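What follows is a single chain, given as structure tokens, in the form deposited in one PDB entry.
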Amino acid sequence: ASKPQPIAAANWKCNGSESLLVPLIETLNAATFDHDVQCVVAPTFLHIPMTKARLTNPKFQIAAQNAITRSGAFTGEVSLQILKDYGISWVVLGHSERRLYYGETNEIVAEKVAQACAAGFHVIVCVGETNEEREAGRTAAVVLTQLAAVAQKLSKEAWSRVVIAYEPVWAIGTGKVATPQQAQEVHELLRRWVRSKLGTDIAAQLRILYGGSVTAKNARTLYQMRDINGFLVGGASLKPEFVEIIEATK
């Protein structure tokens, strides 16, 4: 069915400093987007306060790049509740860096999404297969297992609050730029699974963002793929050209 509202998400990973982010916030604030788009910026936890105080572009929400499910005895971590008290209502969960370096299993990701959902958060749930998994011809088994692991914790009505980001981790970890066709190939199969398990309604309204290598140069040809509803952008989202990335979802 016809495309739902696009999302342009920035993952500011753990870069930025007041020095870098201020001029970058100013640029996004000066930009006007005439179309229906939800922009999302995910600053590091430390930078979320200056981002919230400074960010004014009306299409934008501020996200967290991660979170744990409960407050209490967890040194170094930030909970969903603490984020929500602060007025943060978006969070990225399941990012490939978290799955791979930080021991976030399908179950761990799934449990965080279930809780963020019940805490009233919109969630960008990340999914993606490694080079080793792709080459074993296990792309579909892996992304659909990550996806079904999350769906098992949720009900029909959760999905108005869920967004999926496809991370082509096979391309990221091999220094490749996936093609619009490679991206679309996996977005299509994620959507086909959603359609069959949750409904055509759920499937039509679901945003599936592409979390590969996104530049002002490729943004528009990625967005013209049938099942791409936007982006989770890495490096380019810390640059003025993020404005042109947003524009490409028009």
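Sequential numbering from 1, following the sequence displayed. Between two forms, the rigid core is defined as the largest C-alpha subset superposing within 1.5 Å.
- Stretches 168-176 and 154-162 differ in mean CA B factor, with 154-162 having the higher one.
- Once the C-alpha B-factors are averaged per stretch, 66-74 and 219-227 rank with 66-74 first.
- When the C-alpha B-factors of 212, 199, 43, 49 are ranked from the entry, the top spot goes to 199.
- Annotation for residue 22: CA B-factor lies in the highest third of the chain's modelled residues.
- In this PDB entry, the Cα temperature factor of residue 185 sits in the bottom third of its chain's modelled residues, the lowest group.
- Residue 32 sits in the highest third of its chain by CA B factor, as recorded in the PDB entry.
- Residue 5: CA B factor lies in the lowest third for its chain, per the PDB record.
- Annotation for residue 117: CA B-factor lies in the highest third of the chain's modelled residues.
One more form of this protein, deposited in another entry, exists but is not displayed; see below.
- Of the residues 72, 103, 175, 120, just one CA atom moves 2 angstroms or more between the shown form and the other one under rigid-core superposition; it belongs to 175.
- Legend note: Cα of residue 175 to Cα of residue 216 is at least 3 Å closer in the other entry than in the depicted form.
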